[PDB]
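Student: One structure is given below, represented as structure tokens, and several questions about it will come after.
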Amino acid sequence: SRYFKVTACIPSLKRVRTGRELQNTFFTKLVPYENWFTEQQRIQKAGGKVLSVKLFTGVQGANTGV
Amino acid sequence: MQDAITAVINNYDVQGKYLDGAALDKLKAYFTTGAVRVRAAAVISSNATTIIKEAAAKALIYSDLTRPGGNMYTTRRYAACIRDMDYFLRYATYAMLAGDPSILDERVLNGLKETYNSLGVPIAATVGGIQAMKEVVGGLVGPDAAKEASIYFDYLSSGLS
Amino acid sequence: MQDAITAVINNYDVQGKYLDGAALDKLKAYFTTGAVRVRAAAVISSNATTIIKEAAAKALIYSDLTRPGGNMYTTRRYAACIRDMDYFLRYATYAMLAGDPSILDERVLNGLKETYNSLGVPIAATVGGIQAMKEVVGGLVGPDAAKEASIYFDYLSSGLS
Amino acid sequence: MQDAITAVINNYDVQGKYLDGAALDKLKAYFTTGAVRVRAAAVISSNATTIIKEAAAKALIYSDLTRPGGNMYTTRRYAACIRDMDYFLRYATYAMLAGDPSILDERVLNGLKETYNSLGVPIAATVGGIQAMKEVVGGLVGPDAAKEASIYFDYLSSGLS
Amino acid sequence: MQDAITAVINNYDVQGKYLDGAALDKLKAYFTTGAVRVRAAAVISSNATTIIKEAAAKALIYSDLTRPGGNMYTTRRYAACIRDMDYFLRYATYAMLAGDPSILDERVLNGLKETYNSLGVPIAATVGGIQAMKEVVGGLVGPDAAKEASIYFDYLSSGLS
Amino acid sequence: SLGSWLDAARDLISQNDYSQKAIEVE
Amino acid sequence: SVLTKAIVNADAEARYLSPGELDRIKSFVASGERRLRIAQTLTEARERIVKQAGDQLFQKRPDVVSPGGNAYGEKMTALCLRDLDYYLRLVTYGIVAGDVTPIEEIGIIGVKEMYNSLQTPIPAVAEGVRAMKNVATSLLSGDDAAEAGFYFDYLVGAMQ
Amino acid sequence: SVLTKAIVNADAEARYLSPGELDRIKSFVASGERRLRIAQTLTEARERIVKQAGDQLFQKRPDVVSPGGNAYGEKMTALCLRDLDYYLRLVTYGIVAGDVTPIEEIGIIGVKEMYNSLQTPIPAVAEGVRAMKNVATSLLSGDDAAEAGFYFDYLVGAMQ
Amino acid sequence: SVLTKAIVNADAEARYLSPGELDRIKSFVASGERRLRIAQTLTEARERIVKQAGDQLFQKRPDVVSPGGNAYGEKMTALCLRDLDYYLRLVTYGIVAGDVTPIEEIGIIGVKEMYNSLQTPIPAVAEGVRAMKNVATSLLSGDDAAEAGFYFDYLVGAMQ
Amino acid sequence: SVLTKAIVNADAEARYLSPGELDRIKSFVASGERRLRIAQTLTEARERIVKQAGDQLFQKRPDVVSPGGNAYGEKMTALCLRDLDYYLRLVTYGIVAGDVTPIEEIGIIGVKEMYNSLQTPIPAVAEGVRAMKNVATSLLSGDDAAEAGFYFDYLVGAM
Amino acid sequence: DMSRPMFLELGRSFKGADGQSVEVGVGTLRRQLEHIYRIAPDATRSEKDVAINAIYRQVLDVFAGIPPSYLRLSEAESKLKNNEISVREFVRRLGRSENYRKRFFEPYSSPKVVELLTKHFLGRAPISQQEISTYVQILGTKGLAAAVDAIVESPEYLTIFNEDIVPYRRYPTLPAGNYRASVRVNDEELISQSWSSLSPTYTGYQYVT
Ligand SMILES: *[C@H](C)[C@H]1/C(=C/c2[nH]c(/C=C3N=C(/C=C4\NC(=O)C(CC)=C4C)C(C)=C\3CCC(=O)O)c(CCC(=O)O)c2C)NC(=O)[C@@H]1C
Ligand SMILES: *[C@H](C)[C@H]1/C(=C/c2[nH]c(/C=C3N=C(/C=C4\NC(=O)C(CC)=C4C)C(C)=C\3CCC(=O)O)c(CCC(=O)O)c2C)NC(=O)[C@@H]1C
Ligand SMILES: *[C@H](C)[C@H]1/C(=C/c2[nH]c(/C=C3N=C(/C=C4\NC(=O)C(CC)=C4C)C(C)=C\3CCC(=O)O)c(CCC(=O)O)c2C)NC(=O)[C@@H]1C
Ligand SMILES: *[C@H](C)[C@H]1/C(=C/c2[nH]c(/C=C3N=C(/C=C4\NC(=O)C(CC)=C4C)C(C)=C\3CCC(=O)O)c(CCC(=O)O)c2C)NC(=O)[C@@H]1C
Ligand SMILES: *[C@H](C)[C@H]1/C(=C/c2[nH]c(/C=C3N=C(/C=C4\NC(=O)C(CC)=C4C)C(C)=C\3CCC(=O)O)c(CCC(=O)O)c2C)NC(=O)[C@@H]1C
Ligand SMILES: *[C@H](C)[C@H]1/C(=C/c2[nH]c(/C=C3N=C(/C=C4\NC(=O)C(CC)=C4C)C(C)=C\3CCC(=O)O)c(CCC(=O)O)c2C)NC(=O)[C@@H]1C
Ligand SMILES: *[C@H](C)[C@H]1/C(=C/c2[nH]c(/C=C3N=C(/C=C4\NC(=O)C(CC)=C4C)C(C)=C\3CCC(=O)O)c(CCC(=O)O)c2C)NC(=O)[C@@H]1C
Ligand SMILES: *[C@H](C)[C@H]1/C(=C/c2[nH]c(/C=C3N=C(/C=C4\NC(=O)C(CC)=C4C)C(C)=C\3CCC(=O)O)c(CCC(=O)O)c2C)NC(=O)[C@@H]1C
Ligand SMILES: *[C@H](C)[C@H]1/C(=C/c2[nH]c(/C=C3N=C(/C=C4\NC(=O)C(CC)=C4C)C(C)=C\3CCC(=O)O)c(CCC(=O)O)c2C)NC(=O)[C@@H]1C
């Protein structure tokens, strides 16, 4: 299955948290393709910015094996 | 995101200025157009499916895109493309109500380009599809609203290109 | 993380060497310092809120940052800034007990610059606030403790800048 | 939850009946009351913290409950009690706007007795605290509002007991 | 959970009493026992695997339970049984250090009987296995320690039955 | 190189033969 | 209703109702008397609206009233009209509530799945609702008609 | 703003704006002209409102303007007035927006934590805002004053 | 207690108690006799400690014992002293336990919320505890005082 | 170490060190000089501890050092001794740290996997550590011996 | 009591014994049995492995708290130790795993399957029958995996744990009835069914002779 590598930065604008939230704030991660559309939306609603997207695994424009 | 009203407020808040006559005039300009926008939004929402069908017919399908080797070949990819069309329409409607394009930047344009580049989605065709939606919408909404609606579609298209 | 005792052990383990007198002397040095460090840590914890208030008064507040259009403007941003100050103080205290700067690199320093740049938080001002805290801390802890305390504050500041 | 308007609609929908004049009269009744209720709700929200303080002073504090061994002894338990008070006040306000007691049954009243019994919270004292809040609220809201406010408070109290 | 020291404190806190000599005597009693308990706990931890093996040999294995149809038949069930034995041993050790059986009631004994009944795990045999562990432990720890150790094992067995 | 082990190990093998003891249950 | 929706959002936030949300309730209670009148008008004209809308729909789409089509035959045609009546009743409920929440549970959730089992074509159903709107709008006053339009449009949007 | 809030709820449900939500937008744009007038009145009288409210607060609570108190001394008293001015500006923004969203982001989130560092007493601050409401109400027309009151009340509730 | 804390850490790791953790338990049991003596001293001098600390606190902050202040009036002043007595009792429990767990569950969790309802100023409360420490230190031996200091400091840290 | 463990718990709870946590640091640093002495003794007598324990092990398990056995041959025998030396060094690290973190990362996590591949019998490596304990304990004072014993026992437990 | 200083008299307790203690309502234990775990890239393997073990023990209900090797998933663990995936993405992989499906989906009925989902990820009992119905409709129309994806994607999930925190047992209390329910699901509903169908145990042979 295809996988995306994604970097994003997310701010907490509704509340101020005491515990260390750095891992949540800047998070490079690998996302299954079928999950990414939801995960992009989520970052956008939070008012995070998506710094980078690359397709780690899978071939562009492949009809099968996807 | 920000709308017309909050755009003014934020601009004054950073200066720490109380709202003045100039500010008040801008706000008044929005308030007077508001009722028209609401009517336009209702029209688009009710005709949303039709708008996307018409726009695809005019700009995407019956083409090499839908034929083997094309990006919108396979049911899977056709479905993905008309899914994206639906969001563009919905977000443009939100922008038109808001009277601000910020939401388009925050929740549509951001990371769309990068995703599209990795996929290889053809930008010109997409922009063509956005432009096609614009043309369709203009008819339905009428004189009151057509100009206002159009600018947000144009904003989306220019962002991709 | 790593502490002074473990740092010696790790260095000998990569060599494969059994612990030797020279190594033992470094360990012994830490053990004498340790009692002082514990006393210093208790002082800092009890006076933590005061330390932050004094340091903010010295550098951050009554400034352009607090005034509209500044990063520390708005209650949400003010609160976030004093939260970060508290983090720096707490981690410096942890490092001082540990006798090693590693924990600062592992938790505080890692990713901070990039996050700050996206947020728009001004690094120079933050550094200034850390330096202010150090001076205040120095007074509370007393001179012997202060030297040890200072290096960790300096380590944070250099990392951020 | 269900409100007065929806309650009428639901009753007609199970019958399958179109809305009739008799139904319309019930709806009309709510609409006259509505303006008063909105004003009352705003009063309660602004004075909420004070209402709880006064009610605690009247019933809960300066008592055996606060004294050691009492269920409101310890800061943890004191804080939990005033948290529950706040919930009751908030939900009663919601019910008063809605004009229906159903929401209290669905959200507050369901499982409360059993939970309290396992905790060892004394129900009678809690009821007393609710009654105290009602009296304080009655004063703030004013007489016309008070009658409407009282029924929802009474509904909570009866449910708990 | 509660330990011996905290149990005294809790009893005095409900009274609201400051600690008195009689209370101090109970605390003093624990402090003398403490050194023995620590030594016992280390013995048990080092010999834990052996203790379980010996106890299984004494009660569980070479039996109808291990033979087909028996609960401890199949490798999956055998492994589950020795897993549970290890849990009981670890918690008994914790209880012995604490000097209170409360922890056993909270984590070990909660819902266990009912779960066992639904699973079809035989309670009597389990109890037998706990008693077997106790005997083995008694030998390892030595007599003074054994008396203390025994009560916690007995507490588990009584709970299960 | 484990040179110290190499000489000590052969020294141990020469001083005593393990090939007769047989395991003891003890 | 407007009320229900506002309370629910506040409860999720665990806050008292916002000044803006309170204002919306005030506006709604003022509007209510007018809304009741609009609903009554539609209720009185209901039998006429349904019949006229039916005719338009069948003219707009021959297929539904054809041997292949689902509506074909008397029983089926009656059912199609019954459905139109149901949707009109829902619209009236919506107008008085000021929100589609009541409408949505009864009519819009699971509608696709229900129609797909029946094999009724969804776009035709939407056309019937559009037809009903046109008839209803003519009976209503212009201001009233706009209000009523939104509720009709929501239905058409949901069945799409 | 009203607009922002409506859009955000729709986006979360991934739906077009409800008929009820659309109606609320319509009502707000009609109200807007009146709202602008209310805001202008307060802006003109701002210097007076702040000054008078400060007076009353200090009269109600001698302590804040006393050697123990935070407000004590000229500089401190000025800062306390500056704070009142900030909150008044926020309220005006709120009235034109029709929601506390603008107010809330700038002034109500993290406010407890900020004041706790400063050591300023929160209940006194709330009193200052109450004071400001009373002054503002007198200048405003009765209907206008009620609208303005809600926004003032929200602040007082948040700073508690 | 030390014991409780050690067991809890082991449970989380799902392990038997580590050699290091066992050593910590050993140290605590050795220290216990000294700890009991320290606690007894403070218990005997309790009435004096509370009274002297109260006086110092009232000198430090005139306001609390003033018409504006919460402590004002006989009953209120008594209650403020009662609170100081409660905190002293908790400290003694803490010293024997060797950890603040006893202190924390009875007195530091929800303390902010409780005091905020009462409207008592938290920083003044902290000052009273600091005062109590100074009195207690004088009665205690220097080594004993250091031990006692930590527990007093924790309270001050927890509520400030 | 003791330090690392205390700090890690505090950081997770996002708090300064408890009085209890501080006390444990104080106790540990007082014990430091004694701990260093225990480690030094064992370091000095390393060759003896390994060798005498090795001899006992070969007596206890003749088979391993037999033509059938895995350990058979001088090279193999050397490796078994080398392993014992490694484990002894680890123990000393543990003693000075006052906890197992160093020991655990270097020598126990993944240990099951490695020996199983080699086919060396672990139900016997533990015995070798027991053996080492007996020798090492005889070179220490009673109080020192007990302290050292805990760390040896931990190893035996971990395998 | 006169002659007694008032501050002493106000603290006195008349009830004495037969009064409630600190471990009475919620109690001291459930708090402090809750550890937030965050994996740090820098963290030592011994620190990382304690957090990984906690994941296994919350999501697969490994009471003993140390996963048996067959239960482990190694490739995911290596990506987690490399910091190529987040704790959230590791938890998603576990639920899509076959061990999840055999232990928790296949033996149970869909309504119980949902209860176990919320417990395993989310830490709580299901909030409402409406919550149960949505997840049951996911299970029936789409996978077990699609239901696993929904909870992790859910807003509740993202507020309490986000991407860094390993899930924990949390007994909410915010919605009504949830505190009771969440005590019953985390404290009394030990698992009571066997995952495997084969070799059913015979009732007798209770005593060992
Ligand atoms: C014939 C059984 C039914 C029918 C067909 C019909 N199709 C279209 C248009 C398109 N059909 C496709 C289908 C595919 N493209 C793919 O990639 C795949 C998967 C391999 C399929 C099956 C596409 C993409 C189109 C779009 C136009 C194009 O060819 O690019 C039409 C015309 C659509 C219109 O609206 O004019 C028709 C009529 N219609 C029926 O009624 C039959 C039952
Ligand atoms: C249609 C006009 C054109 C087209 C579309 C197309 N898109 C994808 C895949 C994705 N689209 C997105 C985009 C978004 N992410 C967001 O946050 C938003 C804003 C709401 C959008 C619109 C994403 C994330 C994906 C990838 C994941 C997913 O499929 O959901 C495809 C599929 C590409 C593939 O190879 O699988 C297609 C075809 N491409 C065309 O040909 C049209 C011109
Ligand atoms: C007056 C009603 C009370 C009072 C106020 C007071 N404030 C300060 C100092 C500051 N106040 C603020 C507040 C804000 N910054 C913001 O962004 C906002 C939201 C828009 C507010 C409300 C700030 C940042 C400061 C710090 C100084 C600075 O602004 O640079 C003081 C000064 C006291 C001190 O500095 O210690 C005072 C007195 N004090 C009272 O007691 C009154 C009840
Ligand atoms: C104060 C001296 C300066 C200041 C700070 C500031 N920070 C933020 C936002 C964040 N700060 C951090 C930093 C950390 N989080 C961590 O986990 C760690 C390591 C333990 C650090 C140091 C993070 C991650 C955020 C984002 C989310 C959060 O609240 O944690 C802000 C707010 C910016 C925004 O718009 O979100 C501010 C103001 N800024 C200044 O001007 C001071 C000089
Ligand atoms: C023979 C190849 C090796 C060997 C075997 C051996 N086994 C035991 C004891 C037991 N073995 C079992 C195993 C099973 N129970 C099951 O349910 C299954 C799967 C269906 C198996 C394989 C059991 C339960 C026992 C315990 C005793 C009992 O049966 O109740 C022993 C005896 C050890 C003892 O001390 O009891 C032995 C020797 N041992 C070897 O070394 C051979 C290589
Ligand atoms: C061993 C002496 C006896 C034995 C044990 C046995 N247990 C199971 C299954 C379970 N064991 C438990 C027990 C616990 N779970 C908990 O949460 C706690 C307390 C906190 C305990 C102690 C549980 C819940 C199970 C079920 C699921 C699981 O294995 O995790 C079995 C296997 C039953 C099966 O059919 O799989 C066995 C064999 N049984 C005997 O025959 C011995 C007498
Ligand atoms: C004295 C330093 C400060 C002060 C105190 C004060 N407290 C109250 C009232 C109460 N205090 C408590 C506190 C506790 N209950 C607990 O469980 C604990 C921990 C063991 C504490 C410390 C309680 C419960 C009350 C409520 C009344 C009652 O006891 O039933 C008052 C009077 C109440 C009022 O608000 O008038 C006061 C004055 N006030 C200050 O400002 C001093 C700095
Ligand atoms: C105050 C008037 C009385 C009082 C209250 C009290 N409650 C608890 C503990 C709990 N309270 C609740 C109750 C609710 N949860 C809900 O969802 C609702 C409906 C909206 C209510 C009212 C719950 C579930 C708990 C337990 C979990 C929690 O703490 O959040 C306590 C404390 C018990 C404890 O050990 O902390 C107390 C003291 N008791 C009194 O003394 C007053 C008469
Ligand atoms: C063995 C021939 C050589 C060797 C290997 C080695 N690898 C690591 C650490 C990692 N190995 C990988 C690689 C993979 N993870 C996967 O999932 C896959 C694909 C299926 C591979 C091949 C990863 C990701 C790691 C890093 C994190 C982890 O531990 O999982 C090490 C350990 C380094 C450390 O200290 O952690 C080693 C030793 N190195 C050699 O010496 C051999 C030449």
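Ordering of the structure tokens sets the chain letters (A, B, ...); residue numbers start at 1 within each chain; ligands are numbered from 1 in the order shown.
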Would you list the residues that come within 6 Å of ligand 4? Count only C-alpha atoms and all ligand atoms and give the answer as number ranges by chain.
Tutor: A: 11-12, 16, 20-22, 25; C: 71-72, 77, 80-82, 84-85, 87, 107-108, 119, 121-122, 125-126, 129
Student: If you fit chain D onto chain B using every C-alpha atom, paired in order, what RMSD in Å do you get?
Tutor: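 The superposed chains show a C-alpha RMSD of 0.5 Å.
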Student: List all protein, DNA and RNA residues that have at least one atom no more than 9 Å from any atom of ligand 5, counting only C-alpha atoms and all ligand atoms, and write them as a count of residues only.
Tutor: 17
Student: I'd like the superposed copy of chain G - fitted to chain I by least squares over all paired Cα atoms - as a tab-separated table (two decimals) with C-alpha atoms, in the first residue's frame.
Tutor:
```tsv
chain	number	residue	atom	x	y	z
G	1	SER	CA	4.70	6.87	51.88
G	2	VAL	CA	8.03	5.88	50.38
G	3	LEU	CA	6.79	2.30	50.30
G	4	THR	CA	3.55	3.08	48.51
G	5	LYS	CA	5.29	5.16	45.86
G	6	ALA	CA	7.90	2.47	45.13
G	7	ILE	CA	5.33	-0.32	44.84
G	8	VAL	CA	3.13	1.77	42.56
G	9	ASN	CA	5.98	2.49	40.13
G	10	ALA	CA	6.96	-1.17	40.04
G	11	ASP	CA	3.36	-2.26	39.46
G	12	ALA	CA	3.10	0.11	36.48
G	13	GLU	CA	6.27	-1.41	35.04
G	14	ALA	CA	4.87	-4.84	36.05
G	15	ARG	CA	8.23	-5.71	37.59
G	16	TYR	CA	9.58	-6.67	41.02
G	17	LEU	CA	11.10	-3.81	43.01
G	18	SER	CA	14.49	-2.66	41.66
G	19	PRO	CA	17.73	-2.96	43.72
G	20	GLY	CA	17.84	0.83	43.95
G	21	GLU	CA	14.19	0.99	45.06
G	22	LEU	CA	14.85	-1.68	47.69
G	23	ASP	CA	17.84	0.32	48.93
G	24	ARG	CA	15.67	3.42	49.29
G	25	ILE	CA	13.26	1.41	51.45
G	26	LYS	CA	16.15	0.25	53.63
G	27	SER	CA	17.34	3.83	54.10
G	28	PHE	CA	13.83	4.98	54.97
G	29	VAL	CA	13.32	2.34	57.67
G	30	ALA	CA	16.61	3.42	59.27
G	31	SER	CA	15.53	7.07	59.09
G	32	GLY	CA	12.10	6.29	60.53
G	33	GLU	CA	12.97	6.47	64.23
G	34	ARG	CA	14.50	9.95	63.82
G	35	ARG	CA	11.50	11.01	61.71
G	36	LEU	CA	9.08	9.97	64.46
G	37	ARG	CA	10.97	12.15	66.95
G	38	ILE	CA	10.85	15.17	64.62
G	39	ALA	CA	7.10	14.74	64.19
G	40	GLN	CA	6.55	14.47	67.92
G	41	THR	CA	8.44	17.71	68.60
G	42	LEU	CA	6.27	19.62	66.11
G	43	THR	CA	3.09	18.10	67.52
G	44	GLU	CA	3.96	19.24	71.05
G	45	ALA	CA	4.78	22.80	69.94
G	46	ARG	CA	1.86	22.99	67.53
G	47	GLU	CA	-0.34	25.45	69.42
G	48	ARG	CA	2.60	27.83	69.81
G	49	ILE	CA	3.72	27.44	66.18
G	50	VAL	CA	0.26	28.24	64.81
G	51	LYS	CA	-0.18	31.30	67.02
G	52	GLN	CA	3.25	32.77	66.26
G	53	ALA	CA	2.86	32.08	62.52
G	54	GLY	CA	-0.57	33.73	62.49
G	55	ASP	CA	0.85	36.89	64.03
G	56	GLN	CA	3.71	37.06	61.54
G	57	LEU	CA	1.33	36.53	58.62
G	58	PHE	CA	-0.97	39.34	59.76
G	59	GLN	CA	2.02	41.64	60.24
G	60	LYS	CA	3.39	40.61	56.81
G	61	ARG	CA	-0.01	41.23	55.15
G	62	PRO	CA	-2.25	43.93	56.74
G	63	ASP	CA	-4.88	43.38	54.04
G	64	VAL	CA	-6.10	39.92	55.06
G	65	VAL	CA	-6.96	41.32	58.51
G	66	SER	CA	-8.75	44.36	57.07
G	67	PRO	CA	-12.47	45.01	56.33
G	68	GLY	CA	-11.92	44.21	52.63
G	69	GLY	CA	-9.81	41.14	53.50
G	70	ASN	CA	-11.21	37.63	53.90
G	71	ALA	CA	-9.62	37.05	57.31
G	72	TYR	CA	-11.32	40.15	58.78
G	73	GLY	CA	-13.56	39.53	61.80
G	74	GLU	CA	-13.17	37.04	64.66
G	75	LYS	CA	-14.83	34.03	63.01
G	76	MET	CA	-12.80	34.57	59.86
G	77	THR	CA	-9.57	35.02	61.81
G	78	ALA	CA	-10.27	31.78	63.67
G	79	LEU	CA	-10.85	29.95	60.39
G	80	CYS	CA	-7.55	31.24	59.03
G	81	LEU	CA	-5.80	29.89	62.12
G	82	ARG	CA	-7.71	26.61	61.83
G	83	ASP	CA	-6.40	26.27	58.28
G	84	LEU	CA	-2.85	26.83	59.49
G	85	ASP	CA	-3.34	24.10	62.08
G	86	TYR	CA	-4.60	21.71	59.38
G	87	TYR	CA	-1.53	22.31	57.27
G	88	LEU	CA	0.75	21.71	60.25
G	89	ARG	CA	-0.96	18.39	60.98
G	90	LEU	CA	-0.47	17.38	57.35
G	91	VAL	CA	3.22	18.26	57.51
G	92	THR	CA	3.70	15.94	60.49
G	93	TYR	CA	2.01	13.09	58.63
G	94	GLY	CA	4.31	13.76	55.68
G	95	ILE	CA	7.47	13.59	57.77
G	96	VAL	CA	6.64	10.14	59.13
G	97	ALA	CA	5.56	8.88	55.70
G	98	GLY	CA	8.74	10.25	54.09
G	99	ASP	CA	6.63	11.42	51.16
G	100	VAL	CA	3.93	13.95	50.44
G	101	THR	CA	1.56	11.43	48.86
G	102	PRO	CA	-0.64	11.37	52.04
G	103	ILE	CA	-0.42	15.16	52.34
G	104	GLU	CA	-1.27	15.66	48.66
G	105	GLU	CA	-4.69	13.94	48.64
G	106	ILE	CA	-5.90	15.71	51.80
G	107	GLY	CA	-4.48	19.19	51.22
G	108	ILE	CA	-2.93	20.01	47.84
G	109	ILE	CA	-5.40	18.70	45.21
G	110	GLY	CA	-8.27	21.06	44.56
G	111	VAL	CA	-6.79	23.60	47.00
G	112	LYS	CA	-6.73	26.40	44.40
G	113	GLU	CA	-10.36	25.77	43.50
G	114	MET	CA	-11.46	25.65	47.14
G	115	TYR	CA	-9.70	28.89	48.02
G	116	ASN	CA	-10.98	30.60	44.87
G	117	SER	CA	-14.57	29.87	45.85
G	118	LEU	CA	-13.89	31.16	49.37
G	119	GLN	CA	-12.13	34.15	47.74
G	120	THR	CA	-9.22	33.76	50.17
G	121	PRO	CA	-5.97	34.93	48.44
G	122	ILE	CA	-3.71	31.95	47.73
G	123	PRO	CA	-0.35	33.83	48.04
G	124	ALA	CA	-1.26	34.93	51.58
G	125	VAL	CA	-1.97	31.31	52.52
G	126	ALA	CA	1.48	30.41	51.21
G	127	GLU	CA	2.98	33.18	53.34
G	128	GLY	CA	1.29	31.72	56.43
G	129	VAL	CA	2.89	28.35	55.70
G	130	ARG	CA	6.27	30.04	55.24
G	131	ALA	CA	5.72	31.74	58.58
G	132	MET	CA	4.95	28.38	60.18
G	133	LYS	CA	8.17	26.96	58.75
G	134	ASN	CA	10.27	29.70	60.37
G	135	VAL	CA	8.78	29.07	63.79
G	136	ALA	CA	9.05	25.29	63.39
G	137	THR	CA	12.67	25.48	62.22
G	138	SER	CA	13.70	27.36	65.37
G	139	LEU	CA	12.29	24.61	67.63
G	140	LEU	CA	13.85	21.82	65.58
G	141	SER	CA	17.51	20.81	65.56
G	142	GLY	CA	19.41	21.98	62.45
G	143	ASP	CA	19.47	18.53	60.80
G	144	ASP	CA	15.85	17.92	61.84
G	145	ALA	CA	14.89	21.39	60.58
G	146	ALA	CA	16.27	20.69	57.11
G	147	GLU	CA	14.14	17.56	56.83
G	148	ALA	CA	11.09	19.46	58.07
G	149	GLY	CA	11.88	22.34	55.71
G	150	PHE	CA	11.40	20.22	52.59
G	151	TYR	CA	7.85	19.26	53.61
G	152	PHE	CA	7.00	22.87	54.43
G	153	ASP	CA	8.45	23.98	51.10
G	154	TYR	CA	6.35	21.42	49.21
G	155	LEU	CA	3.20	22.94	50.70
G	156	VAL	CA	4.31	26.42	49.75
G	157	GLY	CA	5.07	25.21	46.23
G	158	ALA	CA	1.64	23.55	45.90
G	159	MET	CA	-0.17	26.72	47.00
G	160	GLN	CA	1.36	28.82	44.24
```
Student: For chain K against chain D, which residues fall within 7 Å using only C-alpha atoms, given as a list in words?
Tutor: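 So the contacting residues turn out to be residues 11, 13, 19, 20, 21, 24, 25, 26, 176, 177 and 180 of chain K.
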Student: Go ahead and save the residues from that selection, with N, CA and C atoms, as a tab-separated table (two decimals), in the first residue's frame.
Tutor:
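Saved as result04.tsv:
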```tsv
chain	number	residue	atom	x	y	z
K	11	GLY	N	-11.49	23.10	64.11
K	11	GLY	CA	-10.93	21.93	63.46
K	11	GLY	C	-11.39	20.60	64.07
K	13	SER	N	-13.38	17.37	65.22
K	13	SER	CA	-14.42	16.59	64.57
K	13	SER	C	-15.27	15.87	65.62
K	19	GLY	N	-16.32	7.94	60.51
K	19	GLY	CA	-16.30	9.00	59.52
K	19	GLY	C	-15.43	8.64	58.31
K	20	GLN	N	-15.73	9.26	57.16
K	20	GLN	CA	-15.18	8.87	55.86
K	20	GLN	C	-13.70	9.20	55.79
K	21	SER	N	-12.98	8.46	54.97
K	21	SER	CA	-11.53	8.51	54.92
K	21	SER	C	-11.09	9.02	53.55
K	24	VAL	N	-12.22	7.14	50.13
K	24	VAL	CA	-13.63	6.77	50.19
K	24	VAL	C	-14.32	6.89	48.84
K	25	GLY	N	-14.30	8.04	48.17
K	25	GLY	CA	-15.14	8.19	46.99
K	25	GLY	C	-14.46	7.64	45.74
K	26	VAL	N	-13.79	8.53	45.03
K	26	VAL	CA	-12.96	8.16	43.92
K	26	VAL	C	-11.76	7.36	44.42
K	176	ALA	N	-23.08	11.74	31.57
K	176	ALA	CA	-23.77	11.11	32.70
K	176	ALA	C	-23.76	9.59	32.60
K	177	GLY	N	-23.45	8.94	33.71
K	177	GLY	CA	-23.42	7.49	33.75
K	177	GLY	C	-22.04	6.95	33.38
K	180	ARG	N	-19.65	5.43	36.39
K	180	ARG	CA	-20.02	4.08	36.76
K	180	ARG	C	-19.58	3.13	35.65
```
